[PDB]
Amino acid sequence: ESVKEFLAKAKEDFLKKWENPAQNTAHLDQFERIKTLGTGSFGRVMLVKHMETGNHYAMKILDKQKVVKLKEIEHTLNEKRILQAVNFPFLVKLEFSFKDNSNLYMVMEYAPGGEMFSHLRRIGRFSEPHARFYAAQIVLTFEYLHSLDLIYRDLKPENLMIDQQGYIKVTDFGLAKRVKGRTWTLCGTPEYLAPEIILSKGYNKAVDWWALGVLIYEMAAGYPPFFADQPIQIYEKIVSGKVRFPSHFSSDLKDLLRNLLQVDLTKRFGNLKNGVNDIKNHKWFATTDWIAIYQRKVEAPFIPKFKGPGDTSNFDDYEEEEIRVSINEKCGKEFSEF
C-alpha cells in the first residue's frame, strides 16, 4: 500500500531480473511504425502498433554502429538492463526488447500526454500545487530507484512523460546506472548537473536530489535556476551556487530549494541520515498524501486532451527516416547481452 511496503518484494523482484535479464522478446515485423515522437544521439522513439494485439507502444530504435563510434556501449547496455528490471507506477514500462543486424529496439509503454517539457514551455510556469503534484511522484520514484542502488542522472521535463490520467512516467534511462558508492562519469544535462559532477569529484545518488531542486525551480519559475547560452557559462553559475528566486515563490518553496540546491553534501536534503524523509516531511509538502500519490488517487491538475488510440497531438513533429537493416550483422559481440 505504501511505497516502503512495496519496496521489500520489489527489491527482490528487481535483483532477480537484473541478474538474469530478458532478451529477444519480440521482432521488428510484429509492429507497424507510425510516427517519430522524439530523437536522440543514436536514434529515435516512434509510435508503433503491435499488429497482433492492436496495442500502441513507443519504440526506441538505436543504431549500433553510432553507439560504438561515440563510445556509449556501456550506457546503452545499462539503459536496457535497468529498464527491463524495474517496475514502478511512475516509470515507463518496457514491454519488449530485441535487436537485429543494425539496430537495438526497446518497445516501451506509450505515454500519450506528451513530454512535461512541451506543456511547461507552452503554459510558461506551473502553480506551486501543480509543480508539487509532479515533484511528489519524482520523490517517490527516486526513493524506489535509489533503494535498488540506481542513480537516474537525467532528470528534466524532457524525460517526464504525462500519461492519460495526468501522472508522470519517467523515460530515457540512458544515463541510469547501478552503483554502490561513488561514480565518475561527466554526464547529464548542463542545467541539471550537480556541482560535484562538474568538479570531477566522484559522486553518488545525491546528484538526483540536486536535480530535483532544479526541476522544481524550473516547474515553478518557468526557467531553470542556472541558464546561459554556453554550457561552460552554466557550469560556472552552478559551482558558484548563488541561486536567486522569483518573488512569487512561497517561503516554504524557497526553503526546500535552498536545501536541495545545496553545494555541501553533508547538508543536501536527500543525502542526510534521515534520507527521503527530510524532503517528504518538509513544510512545502504538508498537503501531500504520499500514499494517495503512490496509489494514483489524487486528481491530477492537468489531464491531456487525447483523441483516441495512436493520436499524437501532444507531440511535436519530427522528420521521418526509413529504418535500415543491413544484410550483415554489426557489432554483435559488443551488444551480446542486449
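From 1 onward, residues are counted along the sequence shown.
Set 16-24 against 323-331 and average the Cα temperature factors; 323-331 ends up higher. For the two regions 62-70 and 288-296, the entry's Cα B-factors average higher over 62-70.
Placement of the Cα temperature factor of residue 141 within the chain: lowest third of the modelled residues, per the deposited record. Placement of the Cα temperature factor of residue 252 within the chain: middle third of the modelled residues, per the deposited record. Annotation for residue 231: C-alpha temperature factor in the highest third relative to the rest of the modelled chain, per the entry. Residue 207 sits in the lowest third of its chain by CA B factor, as recorded in the PDB entry. Among the modelled residues of the chain, residue 158 sits in the lowest third by CA temperature factor in this PDB entry.
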